[PDB]
Amino acid sequence: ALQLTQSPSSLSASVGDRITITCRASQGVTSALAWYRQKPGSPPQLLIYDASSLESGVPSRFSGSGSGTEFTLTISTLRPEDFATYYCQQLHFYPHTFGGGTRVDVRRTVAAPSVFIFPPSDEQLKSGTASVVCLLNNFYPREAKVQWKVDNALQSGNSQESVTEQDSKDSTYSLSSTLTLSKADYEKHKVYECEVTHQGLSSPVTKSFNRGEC
Amino acid sequence: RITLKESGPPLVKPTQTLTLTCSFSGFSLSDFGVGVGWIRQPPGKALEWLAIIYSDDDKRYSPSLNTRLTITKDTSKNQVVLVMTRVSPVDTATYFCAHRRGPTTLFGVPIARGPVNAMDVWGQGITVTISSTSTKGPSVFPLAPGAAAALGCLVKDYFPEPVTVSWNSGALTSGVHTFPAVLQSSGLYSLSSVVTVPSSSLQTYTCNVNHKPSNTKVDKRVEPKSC
Amino acid sequence: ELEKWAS
């Protein structure tokens, strides 16, 4: 079906800035497009309907323009409540698609993550499972990539990660990634490595340990 | 003033049928051209359109979910119901219903269609978790180690959410990061809580974990191993 | 297909 692509997917800014988010459709949707702002924990809120009409009760700093395949939302003077995720929605064709969203967060200096790797506890091992956790602490911007390697084999499909919300004092994020293996598989290898790529790191940093080394 | 609110079960098991109700006030589903739609949002993901129904009773569904969705209205009760069959874990999401305006009329004559291009009022959303797990308390394991040191606790295999974690009975707050839990393929949640301290403080560190649902409290003191 | 109120 019809594709709606938002740009950028993520954007950093400060109070008082002017930002503009754009949304492009794969086929023309005339003026049937709406913009929403969604704050964490709340439902999306309508800002602009029919590509450019200002929704009632919505502050005038919000503006929408465009028609056909290209639309833009601009917030002229960013206020603290605007740090949020914005979505565009097309209503010309069924299904009524939403774009992928664009996250707007507090800008600050790039900060590389402090990385730490934790081996599984002997207590967990006795239960038959092995969790290897990697921590990326206080970094910025949000995008980071974690790659697990076991005896140099690239791992895939056996890890999960979660990211904290932007810290209200730091403006940094932290990320936890868990590699999970059976105790048996765990025992069949030695070098457990967490490789981290991030904008603040000149090149990838790797933190690792050799299993059983005492 | 238009308001909508979603209701239904917070927890549902795979293969089961999920029935969600949207009760609203401020408009009638008998008003001209009005619509009520459903949109969902898996945790951390984008909004996904599901279906919509209009007062003249036309219905439309997401093509990807068409076979599992039924939307219906009960005009006299001011409710719209969405029934999803055969749910699976990927259906865990926050589900929202929303109002869609019909064209503006002048002396009962449609003169403006621009107002239909948006879903203008939304309900708070209802969180639905799809898992076959029964209530279960977490196993708590230690996570042990600019020149900052890190340690923590891995709160593993519990259900359902939430769990609370604090450090040193609430006295340790700076440098603490408790991550949002991930729902494992097993249907149980898992989360880590860590804390960073000056590589010298290694002071004592104990995480206090509490999963109300299963009556499971645990205090786990964590230290820099090696006996 | 085209939306209900379609253009």
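Just so you know, these numbers use all the heavy atoms, side chains as well, and skip hydrogens, waters and symmetry mates. Sequence lines set the chain letters: A, B, ... in the order given, protein chains first and strands last, and positions in each chain run from 1.
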Intermediate values then yes/no, side-chain hydrogen bond (donor to acceptor under 3.5 Å, both in side chains), A/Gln90 and A/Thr97: CA-CA 5 Å; A/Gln90 170 280 308; A/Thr97 342; 3.3 Å; yes

Compute whether any side-chain donor of one residue and acceptor of the other, for [X] and [Y], lie under 3.5 angstrom apart.
| X | Y | answer |
| --- | --- | --- |
| B/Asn208 | B/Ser166 | yes |
| A/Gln124 | A/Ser131 | yes |
| B/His177 | A/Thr164 | no |
| A/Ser31 | A/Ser67 | no |
| B/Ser193 | B/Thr178 | yes |
| B/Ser214 | B/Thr135 | no |
| A/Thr172 | A/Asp167 | no |
| B/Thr129 | B/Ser131 | no |
| A/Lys39 | A/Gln45 | no |
| B/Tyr189 | B/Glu161 | no |

Give a yes or no on whether the backbone of [Y] and the side-chain of [X] come within a donor-acceptor separation of less than 3.5 Å.
| X | Y | value |
| --- | --- | --- |
| B/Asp31 | B/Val34 | no |
| A/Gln89 | A/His96 | yes |
| B/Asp157 | B/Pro138 | no |

Any salt bridge between [X] and [Y], counting N to O under 4.0 Å?
| X | Y | value |
| --- | --- | --- |
| B/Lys220 | A/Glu123 | yes |
| B/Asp56 | C/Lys4 | yes |
| B/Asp91 | B/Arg40 | yes |
| B/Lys217 | B/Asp219 | no |
| A/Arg107 | A/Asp17 | no |

Taking the six-membered ring where the residue is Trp, are the ring centres of A/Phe62 and A/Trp35 under 6.0 Å apart? no

Would you confirm whether the ring centroid of B/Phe24 sits within less than 6.0 angstrom of the ring centroid of B/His99? no

Between B/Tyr54 and B/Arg60, is the side-chain hydrogen bond (donor to acceptor under 3.5 Å, both in side chains) condition met? List the steps. CA-CA 9 Å; B/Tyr54 304 84; B/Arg60 302 291 161 135; over 6 Å; no

Taking atom [atom1] of [X] as the centre, report whether more than 12 heavy atoms of other residues, nucleotides or ligands fall under 6.0 Å from it.
| X | atom1 | answer |
| --- | --- | --- |
| A/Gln199 | CD | no |
| B/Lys5 | NZ | no |
| A/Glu143 | CD | yes |

Tightest non-hydrogen contact, residues A/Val115 and A/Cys134, listed as CG1-SG, 3.8 Å

Closest non-hydrogen atoms of A/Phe118 and B/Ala150, given as atom of the first, atom of the second and distance, are CE2-O, 3.4 Å

Taken in chain and number order and not counting sequence neighbours, the residues that satisfy side chain to side chain contact (heavy atoms under 4.5 Å, CB included) with A/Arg61 are A/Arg37, A/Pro59, A/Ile75, A/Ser76, A/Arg79, A/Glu81, A/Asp82

Spacing of B/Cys97 atom SG and B/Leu4 atom CG [to the nearest 0.5 Å]: 4.5 Å

Anything under 30° is parallel, anything over 60° is perpendicular, the rest tilted; go ahead and classify B/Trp49 against A/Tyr94. tilted

With sequence neighbours left out, what residues match A/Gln155 under side chain to side chain donor-acceptor pair (under 3.5 Å)? A/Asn158

Please walk me through it: do A/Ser127 and A/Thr129 pass side-chain hydrogen bond (donor to acceptor under 3.5 Å, both in side chains)? CA-CA 6 Å; A/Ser127 63; A/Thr129 295; 5.1 Å; no

